[PDB]
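Before any questions on how it binds or moves, here is one chain, the form deposited without Pramocaine, in structure tokens.
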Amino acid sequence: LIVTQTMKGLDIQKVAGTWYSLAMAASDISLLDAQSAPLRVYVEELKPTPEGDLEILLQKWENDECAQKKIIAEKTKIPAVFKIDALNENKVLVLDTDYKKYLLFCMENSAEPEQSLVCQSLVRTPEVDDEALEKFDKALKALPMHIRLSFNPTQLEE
């Protein structure tokens, strides 16, 4: 992605707290196909640190169960861009937020030659309001996505 496509003026401390994954999209079907896909994850909480890094609590499917994982996305020299400095590098890019209702982000598989992107729309509460989803679809118009998912009522899911 380019710098204009990410959020200008992000305050990471204001994204703290509970979130729900409302919709996901990816450039490649296989990125979100297997319930166990590495980048098929549901956000449950964001925990920015005093040092300006972003800790992410996620749920994932595993055998039948719902496993929690905690990953650390570290600040970089570019605002709104964070690096999970794991063995497999992934960048997390915050596209937009209003802090109080919605947050749009992508995970990119930096090493791969193909463009390899998974993006989500997060909401603070399960309320009926489609601003999160309108803003996400507008943001994805610029990107080649081949799969698009939205989470139904029960419960809705995470």
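One-based numbering along the sequence shown.
In what follows, reference is made to the form deposited with Pramocaine bound, a form of this protein that is not presented.
S.K.: Wondering, does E62 line up within 4.5 Å of Pramocaine in the entry with it bound on heavy atoms?
M.R.: Yes.
S.K.: Is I71 close to Pramocaine in the entry with it bound, meaning a heavy atom pair under 4.5 Å apart or at it?
M.R.: The answer is yes: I71 has a heavy atom within 4.5 Å of Pramocaine.
S.K.: Would you please decide whether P38 lies within 4.5 angstroms of Pramocaine in the entry with it bound, comparing each non-hydrogen atom pair?
M.R.: Yes.
S.K.: Residue by residue through 75-107, tell me which have a non-hydrogen atom within 4.5 angstroms of Pramocaine in the entry with it bound.
M.R.: Contacting residues: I84, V92, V94, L103, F105, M107.
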